[PDB]
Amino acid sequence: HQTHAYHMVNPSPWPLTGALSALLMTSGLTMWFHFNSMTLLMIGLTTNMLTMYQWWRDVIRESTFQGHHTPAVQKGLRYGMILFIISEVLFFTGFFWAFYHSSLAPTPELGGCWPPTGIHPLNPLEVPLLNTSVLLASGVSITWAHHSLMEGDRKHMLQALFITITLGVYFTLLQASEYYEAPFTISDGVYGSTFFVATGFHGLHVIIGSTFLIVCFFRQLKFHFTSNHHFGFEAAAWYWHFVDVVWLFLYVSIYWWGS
């Protein structure tokens, strides 16, 4: 028997299934891009979802059900999440770098101007402003959710978290609509390239963040969270704030300053 507070994890198949899912998704994208076929990719996506589901299921089992999350284990997970978020910030930094590189020194092929000749940018005061109010509002409602949880208030936690998720969905649907309405495309030179890749990765993170919030919502429904122990919720909240802040930088840089 151990006399430290750390978690020795049962031998697990999910790292291997996760790694194999990565092989399948990447070889699958290769197959899709070059050999006109989607089979490998679909299998990879499926095994990836299965891996994530069972892995995080087990983390819930280990914590809520088995009590392995001592304060020391929880503290480790805090560092882990913070460090993951930092890595995601640097990933976006590479796309912001690409945006500023292209837009600050527009080449002659673009007309030597930004936005390029033939590009008609979206009005940042229209749906992009709406998007901004939506994610900012969702940062307020998620903070309400956190305080309700800490104060032991089940109903208001659920209501605030539901509002936050609804806003996440609203942003996602607004963005999908704006993608369809946009008169420029990903193939419209470096303007389209930077716009859609940067906002597209952001949109993906909004979807991931929303999903994580939905997971917390159902765990809350099932009474998993105590008023003091709820790291899955914290963290979905940190990740959500991260997604808000990335949006603000996108809005200021690409939509506003780059228009």
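Throughout, we count residues from 1 along the sequence that is shown.
As the entry records it, the average C-alpha temperature factor is higher for 30-38, out of 188-196 and 30-38.
Across 83, 150, 98, 90, the greatest Cα temperature factor reported in the deposited entry is at 150.
Ranked within its chain, residue 128 lands in the middle third, by CA B factor from the PDB record. Per-chain ranking of the deposited C-alpha B factor places residue 79 in the lowest third. In the PDB entry, a CA B factor belonging to the highest third of its chain's modelled residues is recorded for residue 222.
In the PDB entry, a CA B factor belonging to the highest third of its chain's modelled residues is recorded for residue 67. In this PDB entry, residue 135 carries a Cα temperature factor that places it within the lowest third of its chain's modelled residues.
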